[PDB]
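Novice:
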Amino acid sequence: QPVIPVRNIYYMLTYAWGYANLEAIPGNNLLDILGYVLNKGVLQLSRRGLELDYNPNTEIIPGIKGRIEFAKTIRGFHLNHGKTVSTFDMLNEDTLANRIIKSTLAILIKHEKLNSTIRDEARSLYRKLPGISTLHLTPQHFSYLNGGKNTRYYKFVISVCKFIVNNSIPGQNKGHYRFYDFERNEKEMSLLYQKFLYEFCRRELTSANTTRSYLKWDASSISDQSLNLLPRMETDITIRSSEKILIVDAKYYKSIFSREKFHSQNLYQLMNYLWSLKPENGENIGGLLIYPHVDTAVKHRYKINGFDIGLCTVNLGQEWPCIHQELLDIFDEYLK
Amino acid sequence: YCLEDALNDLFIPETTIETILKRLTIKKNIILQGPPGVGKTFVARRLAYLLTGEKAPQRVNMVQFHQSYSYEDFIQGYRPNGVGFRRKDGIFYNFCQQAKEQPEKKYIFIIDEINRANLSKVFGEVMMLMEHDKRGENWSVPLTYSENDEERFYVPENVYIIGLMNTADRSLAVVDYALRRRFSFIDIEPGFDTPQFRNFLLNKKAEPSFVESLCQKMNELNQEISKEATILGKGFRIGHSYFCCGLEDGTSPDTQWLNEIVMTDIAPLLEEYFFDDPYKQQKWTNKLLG
Amino acid sequence: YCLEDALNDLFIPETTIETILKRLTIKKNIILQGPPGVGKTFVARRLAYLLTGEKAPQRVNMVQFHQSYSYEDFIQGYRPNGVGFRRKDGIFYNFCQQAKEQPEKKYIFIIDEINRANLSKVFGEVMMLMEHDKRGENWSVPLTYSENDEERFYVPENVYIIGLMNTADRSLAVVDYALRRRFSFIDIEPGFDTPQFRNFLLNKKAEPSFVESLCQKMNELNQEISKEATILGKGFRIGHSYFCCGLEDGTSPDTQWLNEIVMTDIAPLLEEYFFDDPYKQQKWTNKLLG
Amino acid sequence: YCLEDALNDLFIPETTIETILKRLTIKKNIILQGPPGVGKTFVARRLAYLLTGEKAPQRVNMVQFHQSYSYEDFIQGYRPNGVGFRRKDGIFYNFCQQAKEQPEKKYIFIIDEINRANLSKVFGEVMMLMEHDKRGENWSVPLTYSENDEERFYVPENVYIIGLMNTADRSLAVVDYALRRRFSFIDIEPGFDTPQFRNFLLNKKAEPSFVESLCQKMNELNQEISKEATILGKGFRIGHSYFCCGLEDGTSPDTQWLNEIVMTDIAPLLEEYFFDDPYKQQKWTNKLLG
Amino acid sequence: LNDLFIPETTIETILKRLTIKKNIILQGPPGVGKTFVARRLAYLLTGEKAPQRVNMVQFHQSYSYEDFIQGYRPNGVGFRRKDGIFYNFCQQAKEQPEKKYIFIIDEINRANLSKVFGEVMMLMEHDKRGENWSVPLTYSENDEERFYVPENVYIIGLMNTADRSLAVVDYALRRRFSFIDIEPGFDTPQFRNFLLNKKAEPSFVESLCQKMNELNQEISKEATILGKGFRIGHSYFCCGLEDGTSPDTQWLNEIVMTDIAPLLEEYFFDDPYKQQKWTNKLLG
Amino acid sequence: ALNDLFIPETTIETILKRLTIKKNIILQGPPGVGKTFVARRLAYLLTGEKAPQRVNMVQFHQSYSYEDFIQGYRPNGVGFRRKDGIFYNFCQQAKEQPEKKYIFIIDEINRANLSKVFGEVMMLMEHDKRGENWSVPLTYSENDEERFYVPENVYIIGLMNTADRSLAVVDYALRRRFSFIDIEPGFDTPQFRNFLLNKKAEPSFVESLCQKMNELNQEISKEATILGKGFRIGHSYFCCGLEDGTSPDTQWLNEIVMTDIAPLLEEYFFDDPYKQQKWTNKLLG
Ligand SMILES: Nc1nc2c(ncn2[C@@H]2O[C@H](COP(=O)(O)OP(=O)(O)NP(=O)(O)O)[C@@H](O)[C@H]2O)c(=O)[nH]1
Ligand SMILES: Nc1nc2c(ncn2[C@@H]2O[C@H](COP(=O)(O)OP(=O)(O)NP(=O)(O)O)[C@@H](O)[C@H]2O)c(=O)[nH]1
Ligand SMILES: Nc1nc2c(ncn2[C@@H]2O[C@H](COP(=O)(O)OP(=O)(O)NP(=O)(O)O)[C@@H](O)[C@H]2O)c(=O)[nH]1
Ligand SMILES: Nc1nc2c(ncn2[C@@H]2O[C@H](COP(=O)(O)OP(=O)(O)O)[C@@H](O)[C@H]2O)c(=O)[nH]1
Ligand SMILES: Nc1nc2c(ncn2[C@@H]2O[C@H](COP(=O)(O)OP(=O)(O)O)[C@@H](O)[C@H]2O)c(=O)[nH]1
Ligand SMILES: [Mg+2]
Ligand SMILES: [Mg+2]
Ligand SMILES: [Mg+2]
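Chains as they are written, first to last, in the entry's author numbering: chain N, 3 to 21, 28 to 267, 272 to 348; chain G, 168 to 457; chain H, 168 to 457; chain I, 168 to 457; chain J, 174 to 457; chain K, 173 to 457.
1. Grab the span of the beta strand (DSSP E) containing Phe352 of chain I for me, first residue to last.
2. Could you have a look at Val342 of chain G and say whether DSSP puts it in helix, strand or coil?
3. Quick one: what's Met229 of chain K bridged to in DSSP?
4. Cα separation between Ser351 of chain J and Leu339 of chain N?
5. Counting only runs of 3+ residues fully inside the segment 238–289 of chain J, write out the beta strand (DSSP E) ranges in chain order.
6. Restricting to Cα atoms, I'd like to know which of H:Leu296, H:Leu214, H:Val341 is closest to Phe320 of chain H.
7. Less than 7 Å between the CB of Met295 of chain J and some heavy atom of ligand 8, yes or no?
8. For the structure I just gave you, are there three or more beta carbon pairs, one from the segment 424–437 of chain G and one from the segment 339–355 of chain H, closer than 8 Å?
9. In the DSSP assignment, find the unbroken alpha helix (DSSP H) run with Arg212 of chain K in it and report its ends.
10. Nearest by alpha-carbon distance to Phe276 of chain H: which of H:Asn175, H:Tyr260, H:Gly220 is it?
11. Under the three-state reduction of DSSP, which class applies to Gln390 of chain J: helix, strand or coil?
12. What do you reckon, are the CB atoms on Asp279 of chain H and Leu339 of chain H nearer than 8 Å?
13. For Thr311 of chain K, name the three-state secondary structure that DSSP assigns.
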């Protein structure tokens with residue numbers, strides 16, 4: 003029942019989120041890793057200073073502050089008891105962005121299985137933010153934050169809270185939490201795999217252009233022009249360069265981790285993508301299937317139906333730079 | 168006031184309007200819940216005249232709520248003189264007193280954009296009377312601003328209250344507690360896949376296939392929006408009125424006319440919707456043009 | 168006055184300019200969304216004179232929404248008189264009365280940085296009334312602070328409204344989808360590729376290579392700006408206003424002048440824009456300089 | 168007044184100063200950004216009399232913004248005379264009228280710590296008006312609290328605006344890129360490795376050996392600060408003021424004098440800059456002493 | 174200069190720093206006599222025991238620019254512009270230039286210090302004091318009417334270092350203020366001499382310093398969580414023995430449970446054993 | 173009164189030792205502990221005269237402000253007047269009698285913002301700074317003729333409750349000036365047992381109930397985070413209904429279980445009805 007060592011997965015999430029030392033931390037499990045960055049990350053932010061958003065405040069005060077709203081005062085007759093309804097912009101840290109972090113820290117502390125040091129340090133920080141109001145977290149809160157007015161650094165740490173919240177399970181106790189066994193599910197791991205690659209390819213392969221391409225069937229049907237019944241087809245990634253175009257279909261499977273029969277059903281999707289795609293330049297068309305393996309990496313090339321197709325693997329668990337080395341080495345072969 | 172004038176032009180099925188007419192006589196406190204551009208404001212002006220059976224402005228009143236709207240203007244309150252403060256009968260107080268004169272004739276009060284202001288701040292004490300069961304002079308109460316307990320106000324049974332609420336904003340996910348008890352929510356469909364909306368175009372020199380081709384995509388698109396719940400619920404989906412307007416000249420519908428709407432209205436809206444996946448914008452925008 | 172007069176100096180293609188009047192004449196309320204420095208403020212005063220057909224200021228009104236405007240400021244509110252308050256008709260209410268003074272001649276209301284203010288708060292009742300269909304006496308509605316005697320405020324047909332929302336500040340973006348249906352949104356591009364921009368430099372003592380080199384680099388940059396959507400979206404892409412001005416004295420455009428621009432204005436923006444690696448900052452700055 | 172009077176005590180190069188007045192005469196709006204202790208406040212009072220060429224403070228207005236500052240204070244707002252409220256023309260409004268009286272003479276407004284207060288709310292109407300090409304009556308605009316459309320405010324051409332913002336806090340930064348466009352941003356550096364800084368010390372009986380040891384040290388340290396732009400940008404680096412003042416009595420700057428201040432001021436500052444690293448604090452602190 | 178438990182060198186630093194720089198921040202844990210130090214010190218700088226010159230306030234999160242400097246606030250008739258204390262105080266000192274007038278701000282960390290000071294955050298620096306540096310105030314009706322700090326004014330800030338708020342860091346204010354740490358001073362003889370001149374046992378005083386130091390050093394062990402700023406102050410011992418009860422082990426036992434025990438909880442939160450351990454360590 | 177009070181005398185003796193010196197004090201304990209009734213008897217004890225006039229009581233809430241507490245402007249028939257608050261009036265009453273100890277009771281203090289309410293005076297109530305030396309003119313004191321100083325005689329008691337898990341860490345202001353005291357329910361105390369045996373209660377019935385509640389009091393505080401020691405049930409519910417004229421009995425207790433402990437038991441857990449039912453059933457028999 004093997005899975006990737008937990009530390010390296012964090013690197014994949016980083017590219018997936020589009021943006028540190030993990031050697032120091034001794035906790036193999038993920039939550040020690042993720043909390044340490046969050047616990048440390050807030051400390052990095054606080055050094056520079058946390059975000060302060062001008063929050064308008066309209067209230068009943070004993071004097072003029074900012075702009076008096078004449079209507080609310082006269083209607084409430086606050087003049088008689090020497091009061092006014094006035095609008096002013098107090099500058100606070102109680103915004104949604106900061107509130108999410110603080111409530112998450114409660115979840116992080118409440119987690120049943122966690123390093124002692126991480127739990128202790130977070131509890132300090134939780135106290136260190138007295139003004140902020142705790143909240144009950146939902147994706148709807150994170151949904152509102154798609155504006156991303158905050159810095160690039162904030163958006164990274166916020167994404168971490170999204171992973172924790174959704175991948176938090178109550179455990180033995182009603183109050184406390186228990187972390188999700190994320191590695192076991194392939195589907196999100198696959199969506200991690202696909203998203204990890206797409207943003208990764210933009211970074212390293214500056215030489216080539218990397219875009220996801222939607223595809224349309226060559227078919228015509230008398231019944232419907234819509235062809236809603238037909239399967240929707242959107243590439244995982246397309247990595248187009250002047251010399252050669254290349255489409256990749258990659259998925260995370262448990263069977264392939266075993267070094272026997274081979275699970276390559278995704279290939280069935282791939283061929284039809286090649287067909288429906290027509291290149292104006294007509295330089296060439298190439299395909300690649302890349303999967304994660306644990307032990308070692310194996311590469312083959314094939315010439316199937318007039319298309320040049322590669323099957324390849326990566327030895328995850330080796331080392332992240334050598335893995336980073338291997339991926340760039342891989343594409344150089346096929347991108348030609 | 169014939170239904171034929173009322174109901175022929177409409178895109179809505181005759182079933183739902185009848186269902187609406189049922190509950191409205193029954194409960195008299197109704198809310199139309201749908202995205203903007205489906206004729207919520209459009210129907211309600213007609214609906215009032217349906218019930219009365221006549222086109223009468225006096226018996227029908229329309230307002231739109233906003234944050235500045237308050238009890239003191241709505242119901243009763245004090246307005247400054249040059250120095251002094253004079254009490255003034257508000258709309259609903261003045262409006263009901265007309266209804267008190269003629270109990271038989273139906274009276275209609277229409278409140279658009281109700282969610283923007285809290286009902287309690289405006290209505291307040293009168294929410295007790297407003298409910299359908301507790302109406303009539305039996306339940307009379309003296310007002311906050313009544314000079315004496317003798318002066319009393321009761322909501323006459325004849326008045327019906329209509330509320331037009333749009334499910335297009337994130338804040339409205341937490342619907343106000345005041346509304347839910349007292350009003351009956353009804354959902355208005357986008358109403359693309361309807362005969363009359365199509366027939367409206369066909370009378371306006373439209374090809375059926377171009378019309379029929381469009382609806383599947385619109386029906387397809389709104390389905391995609393409703394599938395989401397986190398950012399965009401079912402209530403956010405597109406209404407049918409972008410396409411209605413702009414044909415007053417007689418210019419025939421076509422991709423040329425349609426493309427103007429897509430780029431100038433629907434294209435940036437999708438950027439707001441699909442901020443996270445700009446390519447998703449490209450997916451649909453290219454899909455619609457084709 | 169005519170289009171030839173306006174489009175003499177404007178860097179925009181005629182294509183949008185006719186599209187603008189097309190949507191306006193049908194819809195009567197539109198918004199131009201683009202990054203700062205693309206002549207949004209610049210076109211707006213010229214546009215007003217086109218539709219009236221004359222260069223008249225009286226029929227036009229220009230304002231800016233500054234996140235502190237209110238319904239009391241726009242429409243109706245209470246102001247102190249010497250000792251006691253009085254009701255003051257707002258500017259828009261003051262404006263509409265002028266527009267209905269003569270329906271024949273069109274009247275324009277211009278709002279800079281409209282996205283800032285909470286439009287639902289300011290307009291209130293008008294948010295429905297502004298739309299083309301629901302105009303005139305038929306849709307007269309009584310205002311909040313109107314006298315108890317029925318006095319109603321209706322948008323004249325001749326009135327046209329224009330909004331000016333920059334695309335930089337993401338937070339200050341229109342999420343009032345109910346309001347976004349009244350308006351039609353017109354994207355404006357930076358204007359680098361256009362010859363009408365290029366001619367403006369070449370007429371002003373410029374080399375075609377230096378001009379053609381400039382547009383090549385900027386267009387590369389805006390693609391890279393357009394590449395991202397996480398932080399820096401398409402809308403953030405750089406405007407042409409920086410290059411437009413400062414040559415009135417007779418200073419010919421050259422790398423010296425361009426170098427002053429890059430170090431002084433753009434180079435701060437870039438480091439503010441990225442704030443992840445200086446290399447990207449060092450890269451693109453040197454690219455423009457080299 | 169004359170130019171050389173200012174430059175005698177000024178550590179910044181004239182090259183930057185010449186760049187500054189060139190922009191300011193053109194742009195009329197500028198922002199000076201650097202760490203605290205580099206003479207932003209110092210230069211600004213000097214700079215105004217340079218631009219006017221005559222030492223007239225009446226034509227100079229100097230203010231410090233903060234959270235408790237608004238459009239009502241700055242521009243216009245209603246405030247209590249006593250029993251009766253009145254419209255109080257804010258300070259900037261009054262300043263602009265003064266400059267109108269004498270259009271020839273330049274009038275200067277100095278805003279210290281501008282980045283603190285919400286400029287978006289404060290400037291508002293001004294945010295459009297202030298730009299170099301939009302000044303004058305042609306672009307006159309009525310304000311929020313203006314009695315009618317005719318009452319309008321236009322920035323005079325003679326006015327010059329100065330913006331002063333520290334770079335220490337990323338929290339308080341001018342993220343409004345539209346606001347960024349009006350202002351021309353000129354960075355200011357600590358300028359340790361300058362003659363005029365050294366001449367000031369040698370003039371006050373300082374060792375040239377100690378001076379060369381001093382400037383080299385801080386130059387390396389400040390460069391270390393700029394390196395970790397993710398953590399601490401170049402804007403965070405130490406200014407020259409700590410060493411500047413404190414010798415007024417005539418105390419010679421020996422190594423002991425420097426060792427005293429480092430312990431009292433920079434040492435806790437260093438502790439804050441390196442919360443995680445005690446050795447790095449120990450490294451650089453000990454580096455200075457030997 | 175007699176009953177002070179802080180080193181004579183440290184106070185000598187301050188007077189030289191204060192007179193020159195005119196602004197300081199005195200930061201330390203509670204129970205180090207920050208209030209008494211400045212009040213003792215303030216009379217030194219004046220040279221006379223004058224309390225009218227000296228005014229003290231204790232800031233708090235709700236404290237505002239309305240309170241400190243200026244503000245519009247109601248009279249019986251209506252609203253008017255009300256000069257806050259500092260405007261009132263600086264005018265009073267401006268009336269008499271020669272003498273040195275002092276302003277003391279306690280619990281300064283609580284308020285958003287930038288917000289409160291506002292205009293004077295620039296003006297307070299020693300060089301920018303005078304009519305040349307005057308500015309019209311925020312609420313000033315007229316541009317010509319301005320406010321400038323006089324040179325005689327000197328400012329003292331008292332800071333609790335045990336409640337860090339990771340909300341706002343200002344390094345510019347740090348330029349205005351010269352930060353001076355204060356240690357509890359258990360080791361100092363003046364603290365010991367006070368008790369030995371109160372009929373304490375010689376060992377009992379010596380025993381206490383060993384006990385406190387072992388605890389205090391542990392607090393400063395983990396600079397990230399806690400620091401020397403967190404460690405315990407001495408002032409709790411000063412109070413309560415002037416009634417006539419000389420020190421005894423029982424009296425020590427009272428204070429540990431009375432005062433320090435919550436502090437331990439505050440400090441060593443969710444670690445009772447460490448509290449029980451360190452508590453019991455002192456009692457033995 | 174000591175015999176009437178159910179809490180340990182040592183705590184009673186300890187408190188008088190603290191307050192006399194510290195002059196500011198706050199009691200945090202479970203609801204149903206007689207915290208108000210505790211302080212009043214203690215208030216009468218310290219003065220020694222059983223004087224209610226010296227005693228004044230206030231209950232705080234979130235709206236409570238400086239105008240309510242200290243001073244504010246209230247409308248006249250025409251115009252408005254400065255209107256003295258409670259604490260301003262109360263201390264000036266105490267100012268006349270310096271020898272006489274005067275006490276102030278602030279119930280549910282933690283709800284309101286002390287700073288907003290007290291403001292200026294929040295430092296003046298600190299025992300070190302008392303008397304005319306620390307006099308300050310008030311915000312609304314237009315003239316400098318009169319300044320407000322709390323005289324030494326004043327003692328301030330704050331009644332706080334450990335009932336609510338929603339409550340976060342106490343405000344920093346409070347911790348500084350106040351000594352925090354935990355009050356026991358007092359089931360184990362003999363004075364409470366003599367308060368039932370004086371009512372002809374069975375010793376078995378008396379002793380069993382002490383053990384019964386203690387079994388619960390341990391379990392409610394056994395929870396690490398959500399339910400602490402402060403949560404555990406107090407005795408005040410048991411007092412009311414026995415000396416009115418009706419003797420103790422298990423059926424009398426049986427009603428009390430349903431009345432207060434049963435909903436309270438639901439309130440604390442709010443997760444498991446069986447865990448409530450098990451405990452409620454355990455209590456009854
Ligand atoms: N002919 C015709 N027009 C319709 C129909 N439904 C809506 N419209 C048109 O759509 C436009 C706007 O309708 P409206 O009621 O205001 O939508 P709304 O729900 O009120 N908008 P909002 O929610 O933003 O307030 C009008 O031109 C209206 O006549 C319809 O069924 N038939
Ligand atoms: N001559 C000329 N100048 C142009 C043209 N387009 C923009 N500019 C110039 O660029 C500067 C700013 O234009 P402006 O309308 O204010 O852009 P904006 O979008 O309104 N600014 P903002 O978004 O910040 O409000 C002015 O100098 C303007 O004249 C143009 O086509 N011709
Ligand atoms: N004598 C002299 N002093 C200088 C010079 N430059 C800066 N200073 C001194 O440094 C101190 C601060 O000046 P200031 O402008 O306020 O620095 P700043 O960047 O504005 N600081 P902040 O942004 O925090 O307000 C003063 O002592 C000032 O006189 C200089 O060239 N000569
Ligand atoms: N004799 C003497 N008393 C001191 C000393 N330090 C503090 N005290 C006394 O301790 C009591 C409380 O001091 P306080 O200012 O409230 O503590 P702090 O504000 O936290 O530093 C007062 O009586 C102080 O004078 C000292 O060094 N010597
Ligand atoms: N006789 C007597 N009554 C007590 C004692 N303790 C509490 N009580 C009674 O319990 C009631 C007050 O309880 P309390 O907790 O203050 O009510 P709460 O303020 O609503 O929480 C009164 O009937 C008190 O007399 C006590 O020790 N002796
Ligand atoms: Mg509507
Ligand atoms: Mg503009
Ligand atoms: Mg300065």
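We treat Cβ as the ideally placed atom computed from N, Cα and C, and that holds for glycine.
Specialist: According to the data block:
1. Residue 352 of chain I sits at position 185 when you count from the first residue of the fourth sequence. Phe352 of chain I -> beta strand (DSSP E) spans 351–354.
2. Position 175 of the second sequence holds residue 342 of chain G. When secondary structure is reduced to three states using DSSP, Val342 of chain G falls in the coil class, being assigned neither helix nor strand.
3. For the purposes of this step, residue 229 of chain K is taken as the residue at position 57 of the sixth sequence. K:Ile277.
4. Along the fifth sequence, one-based indexing puts residue 351 of chain J at 178. Along the first sequence, one-based indexing puts residue 339 of chain N at 327. C-alpha separation (whole angstroms): 55 Å.
5. Scanning the segment 238–289 of chain J from its first residue to its last, the whole beta strand (DSSP E) runs of 3-plus residues come out as 245–247, 252–254, 275–279.
6. In the third sequence, the residue the question calls residue 320 of chain H occupies position 153. The residue among H:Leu296, H:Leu214, H:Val341 with its C-alpha nearest the C-alpha of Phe320 of chain H is H:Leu296.
7. Against the fifth sequence, residue 295 of chain J aligns to sequence position 122. The answer is yes for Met295 of chain J.
8. Because the criterion of three Cβ pairs below 8 Å is met, the segment 424–437 of chain G and the segment 339–355 of chain H touch.
9. Working through the sixth sequence from its first residue, we reach residue 212 of chain K at position 40. From DSSP, the alpha helix (DSSP H) with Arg212 of chain K extends over 207–219.
10. On the third sequence, position 109 is the one that residue 276 of chain H refers to. For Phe276 of chain H, the nearest C-alpha among the options comes from H:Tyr260.
11. Within the fifth sequence, residue 390 of chain J is the residue found at index 217, counting from 1. Correct three-state label for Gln390 of chain J: helix.
12. Along the third sequence, one-based indexing puts residue 279 of chain H at 112. Along the third sequence, one-based indexing puts residue 339 of chain H at 172. Inclusion of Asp279 of chain H and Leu339 of chain H in the CB contact set at 8 Å is not warranted, their separation being larger than that value.
13. In the sixth sequence, residue 311 of chain K corresponds to position 139, counting from 1. DSSP, read as helix, strand or coil, puts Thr311 of chain K in coil.
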